[PDB]
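This report concerns only the one structure given below.
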Amino acid sequence: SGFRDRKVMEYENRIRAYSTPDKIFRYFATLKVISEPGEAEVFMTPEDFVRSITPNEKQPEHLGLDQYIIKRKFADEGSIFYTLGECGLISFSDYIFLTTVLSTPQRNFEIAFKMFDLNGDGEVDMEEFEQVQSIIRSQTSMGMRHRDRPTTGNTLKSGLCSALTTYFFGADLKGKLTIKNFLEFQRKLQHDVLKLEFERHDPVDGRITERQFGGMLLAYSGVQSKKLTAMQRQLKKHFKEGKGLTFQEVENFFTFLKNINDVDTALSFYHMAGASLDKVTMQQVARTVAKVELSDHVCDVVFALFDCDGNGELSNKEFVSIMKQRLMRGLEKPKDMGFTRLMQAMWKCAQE
Amino acid sequence: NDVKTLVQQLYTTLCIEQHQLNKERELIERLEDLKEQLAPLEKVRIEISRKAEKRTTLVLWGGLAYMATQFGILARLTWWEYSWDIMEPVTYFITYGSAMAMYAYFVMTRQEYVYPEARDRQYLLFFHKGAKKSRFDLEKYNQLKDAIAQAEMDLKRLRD
Amino acid sequence: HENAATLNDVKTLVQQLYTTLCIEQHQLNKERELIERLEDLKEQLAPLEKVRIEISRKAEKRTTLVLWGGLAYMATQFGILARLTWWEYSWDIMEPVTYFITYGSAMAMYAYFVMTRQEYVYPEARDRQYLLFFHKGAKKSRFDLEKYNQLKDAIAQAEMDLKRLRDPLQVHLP
Amino acid sequence: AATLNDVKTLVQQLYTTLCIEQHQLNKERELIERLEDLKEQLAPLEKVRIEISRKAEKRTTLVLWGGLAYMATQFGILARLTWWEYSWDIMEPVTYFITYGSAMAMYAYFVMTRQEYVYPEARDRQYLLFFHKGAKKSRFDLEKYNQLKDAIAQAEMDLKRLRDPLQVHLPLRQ
Amino acid sequence: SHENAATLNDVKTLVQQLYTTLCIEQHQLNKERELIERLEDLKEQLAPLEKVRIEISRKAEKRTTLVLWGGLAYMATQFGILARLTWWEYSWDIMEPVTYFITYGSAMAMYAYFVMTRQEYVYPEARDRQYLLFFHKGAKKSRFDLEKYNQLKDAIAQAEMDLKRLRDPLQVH
Amino acid sequence: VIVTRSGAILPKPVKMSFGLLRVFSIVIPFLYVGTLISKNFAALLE
Amino acid sequence: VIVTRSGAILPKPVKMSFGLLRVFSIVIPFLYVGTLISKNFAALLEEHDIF
Amino acid sequence: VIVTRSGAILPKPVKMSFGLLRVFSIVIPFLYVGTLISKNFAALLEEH
Amino acid sequence: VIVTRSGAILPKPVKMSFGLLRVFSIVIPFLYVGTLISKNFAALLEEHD
Amino acid sequence: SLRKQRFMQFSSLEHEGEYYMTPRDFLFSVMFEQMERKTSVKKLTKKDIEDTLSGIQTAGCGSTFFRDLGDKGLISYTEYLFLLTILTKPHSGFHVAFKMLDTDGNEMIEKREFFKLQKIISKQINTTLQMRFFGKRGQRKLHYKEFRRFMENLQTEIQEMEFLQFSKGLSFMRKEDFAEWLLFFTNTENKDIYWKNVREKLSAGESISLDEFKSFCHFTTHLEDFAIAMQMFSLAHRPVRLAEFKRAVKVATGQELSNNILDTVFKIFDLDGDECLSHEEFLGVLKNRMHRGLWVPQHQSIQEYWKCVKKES
């Protein structure tokens with residue numbers, strides 16, 4: 001509002017997308033426990049973590065870049081974040097690890113695990129799970145933008161957090177982590193984060209109004225108010241402007257969404273197979289490629305902001321392009337200059 | 001010996017009254033032909049000293065426009081496209097990059113970089129490089145200007 | 001010898017001239033004359049030195065005012081950037097705006113060098129500013145600065161001439 | 001008359017030409033002596049000034065050091081308070097309002113005393129303040145010293161001006 | 001005479017005898033000749049004390065125009081270090097303090113230069129001081145007796161200022 | 001310095017006619033161009 | 001600059017009467033007003049806010 | 001100043017012969033050496 | 001500049017004897033008492049208040 | 001382009017004007033892709049239709065039924081493009097294509113929908129594959145698993161029929177002509193540099209079996225996965241010797257190639273001493289093996305390198 005509510009939220013984005021993850025951590029982190037004989041580490045409650053990802057979310061008014069709530073519980077027991085730290089408090093060395101798992105294709109772990117794999121294929125012990133973790137980290141965005149800064153204590157020379165080392169490698173620190181239960185762990189995460197992001201909408205009776213779900217779907221883009229006001233018109237046309245959606249309703253759409261690399265093919269086919277895209281089209285395809293059943297209400301609001309302006313004809317190349325960048329959250333970008341990865345890129349092809 | 005000196009001094013005063021009264025009528029006829037050997041030559045220099053002024057008055061402005069684009073290149077990167085944390089290490093290596101040009105300019109011309117001095121020296125380099133093209137004799141010119149100073153420094157020294 | 005004979009002859013002839021022509025008193029009256037044209041001249045600008053001395057304090061009362069209005073402004077900017085920083089927008093939001101008014105000065109200390117062909121340094125910057133506040137006032141009172149500015153050149157030239165006529169090393173009025 | 005006023009100057013230019021050649025030997029008789037009693041009178045007066053200009057000179061040699069220790073302490077309380085206690089992102093505000101705190105003191109010094117504040121001139125000014133105050137406390141008679149220090153050079157510049165008309169026999173250059 | 005008629009016409013022609021029967025015109029043409037002779041031998045004692053100084057002022061000039069470059073290499077290698085250690089060897093904020101405590105570490109080294117030489121650090125008048133320092137450091141080595149040279153150079157300057165003054169086109173000599 | 005050695009007050013210093021407008025109208029249409037050279041640069045670096 | 005051409009000590013340079021007070025009476029109140037102008041600008045950028 | 005006291009025009013200033021060559025050939029091979037001296041320093045800093 | 005108007009070499013400039021030792025000694029303790037007064041100050045800002 | 005032209009270069013069999021195709025010259029175009037095309041013009045009428053479709057109703061396994069139908073059968077211009085995807089396109093899209101255009105949960109299509117299916121995969125008069133897939137009058141449907149198992153048959157036929165081409169007409173082939181088959185689509189500059197090290201250290205050892213050679217042809221179907229494995233071995237700096245190269249082909253295929261072929265591909269690519277394979281372009285010669293592209297001319301490279309950086313960065 002022309003005050004430190006928009007000029008700050010638009011600063012939040014420029015710190016969420018180009019600053020070193022050390023600055024991103026200690027900015028969003030709020031708790032700074034000193035319950036020690038004089039030591040001091042800084043954690044972040046799980047709610048802050050999801051804020052450290054989604055743009056257009058303002059940190060509480062006072063606990064900014066180095067204003068912390070000094071301590072001397074947070075996440076539910078079933079929530080994945082309880083295996084971390086003490087109650088839900090994410091340390092730094094975990095937050096950086098916890099963000100390579102969230103935004104890495106499932107194939108990369110299928111390969112990383114099956115290549116070091118000291119004896120067999122799919123299982124790795126601890127010391128092999130440090131190369132694997134370090135390698136996959138050395139390819140993600142937040143991996144090449146993180147030079148250890150011991151001055152502020154936020155260093156990553158620690159192993160895994162060790163409140164989950166045992167969750168993975170047993171108490172003896174000897175168990176060989178199979179690849180199967182890991183890719184289950186990751187899914188347990190991505191569904192847990194999708195819950196926190198959902199609860200950050202004040203769900204009355206577990207219901208989220210249609211407009212608040214649209215904003216939850218396009219959040220990882222620029223400004224598209226014109227689009228959410230477009231579906232705002234259809235709210236009176238389809239008369240479902242007082243129904244909302246539940247958490248299980250939205251979650252199915254995001255399970256469908258994990259197969260976008262195939263629904264792009266399906267929709268493109270129907271486009272060139274002489275068929276007009278509408279509710280009966282995508283409702284069916286969600287059953288034949290993703291096998292997940294979508295409700296009409298979700299298939300109502302999607303075309304309400306993705307069709308050819310009032311005809312239900314889903315504009316594929318606009319739809320897949322956005323879902324491509326919202327499926328993997330806004331942390332696949334280079335998050336750095338574009339110079340060296342272009343200059344040396346210019347050398348190699350311009351020479352021939 | 002010493003007597004030869006004083007008689008020399010009292011001979012001048014008996015002759016210089018007709019010497020100074022002569023040099024006044026002699027300087028004029030000697031100064032005026034210069035003031036006619038100068039006017040046709042001055043009309044050329046008064047033009048090269050203006051078509052070498054415009055060449056160094058748009059280097060002044062041009063040197064300010066560069067301080068404006070380089071201020072719009074960074075007021076756009078810092079706020080709209082990129083952040084400040086990614087645009088700061090590059091707006092220091094030019095605030096220090098220029099502090100390496102203001103020293104490479106010194107060692108290049110043995111003169112410190114100051115706005116008035118570095119403007120005049122640039123003007124001179126434009127003049128001679130411009131005076132060489134119109135081919136008017138700068139040697140005869142400047143030696144007609146100092147020769148006027150001579151015929152003027154003494155005519156003021158002839159108050160008596 | 002024979003030189004001193006004629007030498008004493010020219011000595012004793014001109015000695016009569018120096019006595020029968022009242023030379024000792026002649027040169028004295030014209031020195032009295034120029035020391036008199038330096039009084040009607042010093043009296044001539046006296047009606048102006050009591051007016052220019054009024055301009056040169058009015059135009060000085062204003063130059064010493066802009067000087068403060070340059071320290072106040074420099075302070076009232078320190079008050080903005082220190083209250084828009086600590087209990088307002090966080091400091092890291094201002095660091096890109098507190099540099100575009102540091103590079104904004106090194107571009108306004110150059111646009112001043114183009115606007116008047118002399119680099120911006122404080123001592124001469126008030127001098128050029130003093131002269132402007134002078135001639136603007138010297139134009140309203142309408143006093144002939146041209147005469148005064150030329151008159152005060154004759155006083156300093158005549159007095160230098162007089163102090164040479166009375167040179168204690170090259171006696172002219174024994 | 002025009003026929004006789006000029007010859008009056010002429011014979012005036014003649015009598016001096018018959019007199020000044022020895023009038024210099026009359027002058028250098030005493031001008032090399034007036035320059036000699038001033039010296040033996042200055043020596044007791046100048047033995048004080050050679051002391052006043054040392055007990056007010058080491059008072060300004062340690063303002064040069066004191067001015068440098070502060071410039072080092074203000075660098076030692078920022079090198080520990082940046083890498084050990086706090087972080088740079090919380091010390092950057094302070095170490096900018098210092099850089100801007102000086103640019104408001106190097107300007108106050110201008111409007112406070114009409115100078116530029118360059119190092120080699122602000123030393124001597126802060127030396128003269130130390131000197132005169134050291135001359136006033138020690139009951140030094142400054143007005144007599146400096147006034148006596150020029151008359152001892154006025155004679156020196158008169159003797160040298162008189163040498164060349166007597167050694168190489170050239171006219172007086174005035 | 002009672003006027004300019006005779007008494008001045010006497011003294012103005014009486015002087016003519018002394019001017020002609022004493023051969024005073026040879027006195028001027030020789031009192032001016034002695035100066036040229038007094039000036040020619042001066043430019044003869046200087047010629048041996050000049051071919052050796054012109055060697056020093058070239059050895060001590062190259063040894064100065066080498067420190068000028070040897071300050072530009074520094075300001076370049078202090079720019080390649082920071083351009084590497086700030087983009088892809090460290091972060092920028094690990095290298096902001098280290099690159100500010102030299103911007104400030106110089107405003108303490110160009111002040112400690114002032115205190116150390118009572119001079120102000122600006123390029124034009126701080127170069128020659130190092131050139132003027134390399135000269136005497138070479139002069140003390142080759143012991144060419146600068147004390148005579150610099151003084152004798154004043155004589156040639158002074159014993160010529162009057163020569164060009166003796167020939168003044170206004171006065172007669 | 002205000003006055004010369006003789007005491008004559010120095011002549012009026014010359015000001016550039018509209019000298020404030022002749023610079024405030026060469027930085028504005030050259031500050032905007034400072035964006036286009038960058039706005040089309042990032043749109044090429046992406 | 002210490003001594004003149006002829007070795008006479010320069011006259012004592014004149015200071016500013018109440019020098020270090022004329023400056024504080026112009027740097028302190030305007031330092032405060034420097035804050036008050038931003039407060040009532042950002043604050044009054046909300047009620048009468050358009051864009 | 002442009003003109004001298006009498007009114008004549010000052011002589012052409014002497015530009016350094018092959019100026020920018022000498023400049024850009026002592027700043028470039030000492031900007032690269034300024035990089036190479038850093039690469040093998042940090043990579044040596046993490047040892048001790 | 002370097003030579004006087006007559007053409008004589010200017011006199012050798014005078015280097016404050018032991019200029020560097022005089023200068024390091026006044027900037028080691030002063031810089032060092034600089035840290036020592038910052039260490040003993042943050043410990044007084046957070047605990048005693 | 002060339003697809004319309006290259007098909008017309010070999011289209012000796014035209015019926016009713018429209019250029020048709022038999023597998024014989026069809027294979028000739030794809031088996032070795034250089035036959036010095038001399039296809040004359042001959043017109044086969046309805047009499048050839050009865051004989052060719054009857055040839056479908058005789059016999060034939062995946063390997064032979066296309067081969068023995070040389071100078072027989074019928075392939076149109078469109079079906080050539082569809083078959084082109086079987087060799088130059090991954091088998092993933094055919095899955096999603098069937099289960100979206102079938103009878104809504106059968107993975108089977110009738111005679112009709114196939115006509116559209118040909119045009120579909122192209123962007124991404126009874127012919128032989130028609131009656132091969134349906135009845136004489138379209139009695140049966142086209143099950144996906146029956147088409148999935150079908151393309152694998154042709155997938156092996158193309159390799160074997162060209163295996164003997166490089167295998168001197170014998171079931172075996174030494175390591176030498178394998179390299180000739182390995183880099184059959186090589187450059188001119190580096191080709192001899194390989195052949196040079198082929199000349200010296202590659203002893204005339206044993207041969208390779210027909211089945212095991214096709215295993216390598218199965219390995220070159222998932223090389224994209226293999227690009228990651230060797231890339232990740234660059235980050236964790238380690239050689240690419242047999243111990244890890246075996247691990248690489250293990251996950252890049254699921255299966256495990258025999259040592260004999262791994263020995264050769266080493267000796268052809270161990271240009272550093274059998275520890276540093278040219279993995280940056282070792283997969284390059286595999287990826288440019290069957291790509292239907294060309295090298296950008298230099299003056300066009302003066303323009304298209306602007307497009308290089310747009311995608312390469």
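Numbering starts fresh at 1 for the residues of each chain in the structure tokens, the chains themselves are lettered A, B, ... in the order given, and ligands are numbered from 1 as they appear.
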Practice item. Identify every residue of chain G that has at least one atom within 12 Å of any atom of chain A, counting only C-alpha atoms, and report the result as a VMD selection string. Key: chain G and resid 39 41 to 51
Review point. Please, which residues of chain I lie no more than 12 Å from chain E when the count uses only C-alpha atoms, and can they be set out as a PyMOL selection string?
Key: chain I and resi 1-24+26-27+31
Review point. What residues in chain G get the DSSP label alpha helix (DSSP H)? Please answer as a VMD selection string.
Key: chain G and resid 19 to 22 24 to 42
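Our summary of the geometry notes that CA of residue 94 in chain E is positioned 18.4 Å from CA of residue 91 in chain C.
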May I ask you to extract the residues of chain D within 8 Å of chain C, using only C-alpha atoms, and to give them as a CSV table (one decimal) with N, CA, C and O atoms, in the first residue's frame?
```csv
chain,number,residue,atom,x,y,z
D,8,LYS,N,64.9,72.3,-16.8
D,8,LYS,CA,65.0,72.3,-15.4
D,8,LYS,C,65.0,70.8,-14.9
D,8,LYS,O,65.8,70.5,-14.0
D,9,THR,N,64.2,70.0,-15.5
D,9,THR,CA,64.3,68.5,-15.2
D,9,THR,C,65.6,68.0,-15.7
D,9,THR,O,66.3,67.2,-15.1
D,11,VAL,N,68.6,69.6,-16.1
D,11,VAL,CA,69.7,70.0,-15.2
D,11,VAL,C,69.5,69.3,-13.8
D,11,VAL,O,70.4,68.9,-13.1
D,12,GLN,N,68.2,69.0,-13.5
D,12,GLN,CA,68.0,68.2,-12.3
D,12,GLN,C,68.5,66.8,-12.5
D,12,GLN,O,69.2,66.2,-11.7
D,14,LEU,N,70.9,66.3,-14.3
D,14,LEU,CA,72.3,66.5,-14.4
D,14,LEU,C,73.0,66.5,-13.1
D,14,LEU,O,74.0,65.9,-12.8
D,15,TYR,N,72.4,67.3,-12.1
D,15,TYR,CA,73.0,67.4,-10.8
D,15,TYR,C,73.1,66.1,-10.1
D,15,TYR,O,74.1,65.8,-9.5
D,16,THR,N,72.0,65.4,-10.1
D,16,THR,CA,72.0,64.0,-9.5
D,16,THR,C,73.0,63.2,-10.2
D,16,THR,O,73.7,62.4,-9.5
D,18,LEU,N,75.7,64.1,-11.2
D,18,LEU,CA,77.0,64.6,-10.6
D,18,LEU,C,77.1,64.3,-9.1
D,18,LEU,O,78.1,64.6,-8.5
D,20,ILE,N,74.9,61.5,-7.3
D,20,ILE,CA,74.5,60.2,-6.7
D,20,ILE,C,75.6,59.2,-6.7
D,20,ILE,O,75.6,58.2,-5.9
D,24,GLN,N,75.7,57.1,-3.1
D,24,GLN,CA,75.6,55.7,-2.7
D,24,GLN,C,76.6,55.3,-1.6
D,24,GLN,O,76.3,54.7,-0.6
D,27,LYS,N,75.3,56.4,1.4
D,27,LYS,CA,74.3,55.6,1.8
D,27,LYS,C,74.8,54.3,2.4
D,27,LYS,O,74.5,53.9,3.5
D,93,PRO,N,25.4,0.2,8.4
D,93,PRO,CA,24.7,1.5,8.7
D,93,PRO,C,25.7,2.4,9.4
D,93,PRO,O,25.9,3.6,8.9
D,104,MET,N,30.2,16.2,6.6
D,104,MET,CA,29.5,17.2,7.2
D,104,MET,C,30.3,17.9,8.3
D,104,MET,O,29.9,18.9,8.9
D,107,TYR,N,33.0,20.1,6.0
D,107,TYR,CA,32.3,21.3,5.5
D,107,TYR,C,32.0,22.3,6.6
D,107,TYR,O,32.0,23.5,6.3
D,108,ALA,N,31.7,21.8,7.8
D,108,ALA,CA,31.5,22.7,8.9
D,108,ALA,C,32.8,23.5,9.1
D,108,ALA,O,32.8,24.7,9.4
D,110,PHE,N,34.9,24.4,7.0
D,110,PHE,CA,34.9,25.5,6.0
D,110,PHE,C,34.1,26.7,6.5
D,110,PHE,O,34.6,27.8,6.5
D,111,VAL,N,32.8,26.5,6.8
D,111,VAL,CA,32.0,27.6,7.2
D,111,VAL,C,32.4,28.1,8.6
D,111,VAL,O,32.0,29.2,9.0
D,114,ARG,N,37.2,30.2,7.2
D,114,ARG,CA,37.0,30.2,5.8
D,114,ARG,C,38.1,29.6,5.0
D,114,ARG,O,38.9,30.2,4.3
D,115,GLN,N,38.3,28.3,5.1
D,115,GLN,CA,39.3,27.5,4.5
D,115,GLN,C,38.7,26.3,3.7
D,115,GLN,O,37.5,26.1,3.7
D,116,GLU,N,39.6,25.5,3.1
D,116,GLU,CA,39.2,24.3,2.4
D,116,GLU,C,39.4,23.0,3.2
D,116,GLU,O,38.7,22.0,2.9
D,158,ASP,N,67.3,46.8,0.1
D,158,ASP,CA,67.8,48.1,-0.4
D,158,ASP,C,69.3,48.0,-0.8
D,158,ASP,O,69.8,48.5,-1.8
D,174,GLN,N,63.7,50.1,-10.1
D,174,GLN,CA,62.7,50.3,-9.1
D,174,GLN,C,61.3,50.0,-9.6
D,174,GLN,O,60.4,49.8,-8.8
```
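Across the model, the gap from CA of residue 5 in chain B to CA of residue 20 in chain E is 13.8 Å.
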Could you tell me which residues of chain B sit within 9 Å of chain C when counting only C-alpha atoms, and give me the result as a short mmCIF file (atom, residue, chain, number, x, y, z; two decimals) with N, CA and C atoms, in the first residue's frame?
```cif
data_model
loop_
_atom_site.label_atom_id
_atom_site.label_comp_id
_atom_site.auth_asym_id
_atom_site.auth_seq_id
_atom_site.Cartn_x
_atom_site.Cartn_y
_atom_site.Cartn_z
N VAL B 3 86.56 58.07 -13.58
CA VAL B 3 86.06 59.30 -14.19
C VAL B 3 85.36 59.01 -15.50
N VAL B 7 80.97 60.43 -16.62
CA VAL B 7 80.74 61.19 -17.85
C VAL B 7 79.89 60.39 -18.82
N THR B 57 33.24 21.39 -26.43
CA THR B 57 32.08 21.69 -25.61
C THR B 57 31.01 20.62 -25.71
N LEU B 60 32.41 17.99 -23.15
CA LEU B 60 31.93 18.32 -21.82
C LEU B 60 30.53 17.77 -21.59
N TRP B 61 29.59 18.10 -22.48
CA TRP B 61 28.25 17.55 -22.37
C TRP B 61 28.26 16.04 -22.51
N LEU B 64 28.89 14.24 -19.54
CA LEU B 64 27.81 14.23 -18.56
C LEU B 64 26.71 13.25 -18.94
N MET B 67 27.56 10.02 -17.66
CA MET B 67 27.23 9.93 -16.25
C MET B 67 25.73 9.84 -16.01
N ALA B 68 24.92 9.90 -17.06
CA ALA B 68 23.48 9.75 -16.93
C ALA B 68 23.01 8.37 -17.37
N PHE B 71 23.97 5.99 -14.99
CA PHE B 71 23.08 6.10 -13.84
C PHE B 71 21.70 5.53 -14.12
N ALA B 75 20.11 2.11 -12.18
CA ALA B 75 18.84 2.32 -11.50
C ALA B 75 17.75 1.42 -12.05
N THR B 78 19.24 -2.54 -10.61
CA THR B 78 19.17 -2.73 -9.16
C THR B 78 17.74 -2.96 -8.70
N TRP B 79 16.78 -2.25 -9.27
CA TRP B 79 15.42 -2.29 -8.77
C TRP B 79 14.50 -3.18 -9.59
N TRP B 84 19.80 -5.71 -5.56
CA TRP B 84 20.96 -4.93 -5.19
C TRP B 84 22.13 -5.80 -4.77
N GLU B 88 25.48 -4.79 -6.64
CA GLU B 88 26.44 -3.98 -5.89
C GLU B 88 27.88 -4.30 -6.25
N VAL B 114 42.03 17.04 -13.35
CA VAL B 114 41.14 18.03 -12.76
C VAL B 114 40.28 18.60 -13.88
N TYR B 115 39.02 18.88 -13.58
CA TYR B 115 38.07 19.25 -14.62
C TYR B 115 38.51 20.46 -15.45
N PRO B 116 38.96 21.58 -14.86
CA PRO B 116 39.41 22.69 -15.71
C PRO B 116 40.65 22.36 -16.51
#
```
Contact check, range 50-146 of chain E to range 11-35 of chain H, at most 9 Å, counting only C-alpha atoms, closest pairs as a Markdown table:
```
| residue | atom | partner | partner_atom | distance |
| --- | --- | --- | --- | --- |
| E:69 | CA | H:26 | CA | 7.8 |
| E:72 | CA | H:27 | CA | 7.0 |
| E:73 | CA | H:30 | CA | 5.7 |
| E:74 | CA | H:30 | CA | 7.9 |
| E:75 | CA | H:27 | CA | 8.4 |
| E:76 | CA | H:31 | CA | 5.1 |
| E:77 | CA | H:34 | CA | 3.9 |
| E:78 | CA | H:34 | CA | 6.6 |
| E:79 | CA | H:31 | CA | 6.6 |
| E:80 | CA | H:34 | CA | 4.3 |
| E:81 | CA | H:34 | CA | 5.0 |
| E:82 | CA | H:35 | CA | 8.1 |
| E:83 | CA | H:35 | CA | 7.6 |
| E:84 | CA | H:35 | CA | 6.0 |
| E:85 | CA | H:35 | CA | 8.4 |
```
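Interatomic distance, CA of residue 16 in chain E to CA of residue 2 in chain E: 22.2 Å.
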Exercise for review: Tell me, as a list in words, which residues lie within 10 Å of residue 28 in chain F, counting only C-alpha atoms; anything in the same chain fewer than 5 positions away does not count.
Suggested key: residues 65, 68, 69 and 72 of chain B; 23, 33 and 34 of chain F
Mind writing the picked residues with N, CA and C atoms as a PDB file, in the first residue's frame?
```pdb
ATOM      1  N   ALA B  65      26.432  13.114 -20.237  1.00  0.00           N
ATOM      2  CA  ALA B  65      25.471  12.107 -20.667  1.00  0.00           C
ATOM      3  C   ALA B  65      25.926  10.715 -20.261  1.00  0.00           C
ATOM      4  N   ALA B  68      24.922   9.898 -17.057  1.00  0.00           N
ATOM      5  CA  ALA B  68      23.480   9.751 -16.933  1.00  0.00           C
ATOM      6  C   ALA B  68      23.005   8.372 -17.368  1.00  0.00           C
ATOM      7  N   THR B  69      23.503   7.873 -18.501  1.00  0.00           N
ATOM      8  CA  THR B  69      23.176   6.510 -18.906  1.00  0.00           C
ATOM      9  C   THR B  69      23.700   5.509 -17.890  1.00  0.00           C
ATOM     10  N   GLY B  72      21.354   5.306 -15.378  1.00  0.00           N
ATOM     11  CA  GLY B  72      20.090   4.688 -15.714  1.00  0.00           C
ATOM     12  C   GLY B  72      20.250   3.206 -15.967  1.00  0.00           C
TER      13      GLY B  72
ATOM     14  N   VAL F  23      21.301  21.707 -18.904  1.00  0.00           N
ATOM     15  CA  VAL F  23      21.808  20.466 -18.339  1.00  0.00           C
ATOM     16  C   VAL F  23      20.682  19.585 -17.819  1.00  0.00           C
ATOM     17  N   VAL F  33      17.258   6.758 -21.614  1.00  0.00           N
ATOM     18  CA  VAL F  33      18.023   5.884 -22.495  1.00  0.00           C
ATOM     19  C   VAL F  33      18.956   4.986 -21.701  1.00  0.00           C
ATOM     20  N   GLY F  34      19.267   5.355 -20.460  1.00  0.00           N
ATOM     21  CA  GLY F  34      20.017   4.463 -19.599  1.00  0.00           C
ATOM     22  C   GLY F  34      19.263   3.210 -19.215  1.00  0.00           C
TER      23      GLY F  34
END
```
**Study point:** Surrounding residues of range 50-53 of chain D excluding itself and chain neighbours under 3 positions, 8 Å, only C-alpha atoms, as a PyMOL selection string
**Key:** chain D and resi 46-47+56-57+131+134-135
Exercise for review: Please provide as a PyMOL selection string all residues within 12 Å of residue 144 in chain B, with the sequence filter that same-chain residues fewer than 2 positions apart are discarded (counting only C-alpha atoms).
Suggested key: (chain B and resi 31-39+41-42+137-142+146-151) or (chain H and resi 6-9)
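Of the listed residues (E:17, E:26, E:65, E:9), E:9 comes nearest to chain D; the distances count only C-alpha atoms.
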Contact check, chain F to chain B, at most 8 Å, counting only C-alpha atoms, closest pairs as JSON lines:
```
{"residue": "F:26", "atom": "CA", "partner": "B:65", "partner_atom": "CA", "distance": 6.8}
{"residue": "F:27", "atom": "CA", "partner": "B:68", "partner_atom": "CA", "distance": 5.7}
{"residue": "F:28", "atom": "CA", "partner": "B:68", "partner_atom": "CA", "distance": 7.9}
{"residue": "F:30", "atom": "CA", "partner": "B:69", "partner_atom": "CA", "distance": 5.8}
{"residue": "F:31", "atom": "CA", "partner": "B:68", "partner_atom": "CA", "distance": 5.0}
{"residue": "F:32", "atom": "CA", "partner": "B:72", "partner_atom": "CA", "distance": 6.5}
{"residue": "F:33", "atom": "CA", "partner": "B:69", "partner_atom": "CA", "distance": 6.3}
{"residue": "F:34", "atom": "CA", "partner": "B:69", "partner_atom": "CA", "distance": 3.8}
{"residue": "F:35", "atom": "CA", "partner": "B:72", "partner_atom": "CA", "distance": 5.2}
{"residue": "F:37", "atom": "CA", "partner": "B:73", "partner_atom": "CA", "distance": 6.9}
{"residue": "F:38", "atom": "CA", "partner": "B:73", "partner_atom": "CA", "distance": 5.4}
{"residue": "F:39", "atom": "CA", "partner": "B:76", "partner_atom": "CA", "distance": 7.3}
{"residue": "F:42", "atom": "CA", "partner": "B:81", "partner_atom": "CA", "distance": 7.2}
```
Exercise for review: Could you please tell me, as a PyMOL selection string, which residues of chain A have an atom within 9 Å of chain F when using only C-alpha atoms?
Suggested key: chain A and resi 337-339+342
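Residues in contact with residue 230 in chain J at 8 Å, where only C-alpha atoms are counted and same-chain residues fewer than 5 positions away are skipped, are listed as residues 240, 248 and 279 of chain J.
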Could you make a table, as JSON lines, of the residues of chain B that have an atom within 9 Å of an atom of chain D, each with its nearest atom pair and distance in Å to one decimal, counting only C-alpha atoms, in chain and number order?
```
{"residue": "B:5", "atom": "CA", "partner": "D:169", "partner_atom": "CA", "distance": 8.1}
{"residue": "B:6", "atom": "CA", "partner": "D:17", "partner_atom": "CA", "distance": 7.2}
{"residue": "B:7", "atom": "CA", "partner": "D:17", "partner_atom": "CA", "distance": 8.7}
{"residue": "B:9", "atom": "CA", "partner": "D:17", "partner_atom": "CA", "distance": 6.6}
{"residue": "B:10", "atom": "CA", "partner": "D:17", "partner_atom": "CA", "distance": 5.7}
{"residue": "B:13", "atom": "CA", "partner": "D:13", "partner_atom": "CA", "distance": 6.7}
{"residue": "B:14", "atom": "CA", "partner": "D:10", "partner_atom": "CA", "distance": 7.6}
{"residue": "B:17", "atom": "CA", "partner": "D:10", "partner_atom": "CA", "distance": 8.5}
```
